[PDB]
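FYI, side chains are in, hydrogens and waters are out, and symmetry mates aren't considered; it's all heavy atoms of this structure. When a ligand or atom number is given, it counts from 1 through the structure's own listing order. Residue indices begin at 1 and follow the sequence shown.
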Amino acid sequence: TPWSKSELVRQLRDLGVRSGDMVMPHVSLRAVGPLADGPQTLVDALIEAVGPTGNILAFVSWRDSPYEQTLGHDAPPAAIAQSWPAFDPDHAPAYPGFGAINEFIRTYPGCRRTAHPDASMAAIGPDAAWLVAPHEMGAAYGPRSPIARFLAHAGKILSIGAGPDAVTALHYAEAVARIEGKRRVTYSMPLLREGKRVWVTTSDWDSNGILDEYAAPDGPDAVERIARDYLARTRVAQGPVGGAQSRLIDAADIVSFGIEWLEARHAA
Ligand SMILES: CC(=O)SCCNC(=O)CCNC(=O)[C@H](O)C(C)(C)COP(=O)(O)OP(=O)(O)OC[C@H]1O[C@@H](n2cnc3c(N)ncnc32)[C@H](O)[C@@H]1OP(=O)(O)O
């Protein structure tokens with residue numbers, strides 16, 4: 001029998017979600033189980049849990065991000081630059097690999113979208129416009145990014161049946177950690193400025209592994225190793241959301257743990 005919206009709200013209340021919270025969810029819909037009206041039931045429950053003054057922030061990215069097609073080039077290759085669609089924030093579908101719930105979040109009425117096509121975040125609430133902008137190329141997940149403002153607003157990370165590798169907020173820890181040999185990447189994104197399509201090439205921290213030893217694809221990255229060490233040492237509210245084992249993590253605490261984690265293992 002499918003979970004109802006009221007049942008999910010009660011579970012979110014037991015986990016510790018309160019009205020007015022700023023919550024960032026990472027969801028495995030298969031772990032949640034069948035819902036009354038599909039994935040929209042969980043979206044409605046999250047919005048009711050945080051209340052009218054609460055906020056939802058999701059890393060949704062973009063289904064058609066030309067990341068690999070422009071990686072390692074000082075400019076988009078000719079075939080990519082001439083035909084790739086421009087990133088239209090209010091019309092770009094989310095990246096499916098990060099969870100099918102994100103396409104329901106980004107299409108919710110009133111949801112805002114950041115202008116960074118590869119690191120695009122979706123936000124719902126009174127602080128959505130403040131979270132969503134600015135999000136310029138070269139500041140994907142570090143300072144001046146929605147994650148940075150999320151960390152400065154007592155944000156909570158809601159892992160619903162998702163693995164420790166999904167903690168997007170830990171990309172901020174990699175960005176500011178004073179360690180040696182941090183990996184950087186160069187790619188190009190097609191932006192939409194005043195209806196005109198503009199290619200922007202930038203360099204930023206490698207979000208697929210900040211260090212060489214964490215960047216192998218077979219393959220736990222620095223995010224997974226930090227999150228596993230954190231969850232093995234920290235008391236965190238845990239309980240069911242639907243059929244999924246869930247965690248409500250203090251974002252500022254796990255990021256401070258991540259900075260100390262990286263700086264303790266690598267010289268400056
Ligand atoms: C450090 C970083 O930044 S990592 C980047 C950010 N990544 C994240 O946030 C990921 C968080 N989520 C996770 O980690 C999860 O474990 C995942 C997404 C990787 C895998 O979990 P899954 O449950 O297998 O994927 P998902 O959440 O999308 O749900 C899949 C179900 O939704 C279904 N579905 C897909 N689209 C729709 C749709 N429009 N309508 C209804 N159902 C849909 C799929 O068919 C599937 O159902 P099925 O069992 O019948 O095949």
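Sorted by first then second residue, the ring-ring contact (aromatic ring centres under 6.0 Å, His included) pairs that include residues 103-125, not counting sequence neighbours, are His116-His135.
With sequence neighbours excluded, no residue forms a ring pair (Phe, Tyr, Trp, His ring centres under 6.0 Å) with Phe150.
Here the side chains of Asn55 and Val23 are not in contact, with every heavy-atom distance at 4.5 Å or above.
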In residues 155-164, what donor-acceptor pairs under 3.5 Å come from side-chain atoms, sequence neighbours left out?
unit_1 : atom_1 : unit_2 : atom_2 : d
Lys156 : NZ     : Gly16  : O      : 3.4
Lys156 : NZ     : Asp21  : OD2    : 2.8
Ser159 : OG     : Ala162 : O      : 3.1
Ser159 : OG     : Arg247 : NH2    : 2.9

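Within 4.0 Å of ligand 1, protein heavy atoms come from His26, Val27, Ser28, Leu29, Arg30, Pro39, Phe59, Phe98, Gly99, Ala100, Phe104, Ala162, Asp165, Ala166, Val167, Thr168, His171, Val223.
At least one test fails for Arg183 against the ring of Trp205: distance under 6.0 Å to the centre or angle within 45° of the axis.
Side chain of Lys5 to backbone of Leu42: no donor-acceptor contact under 3.5 angstrom is found.
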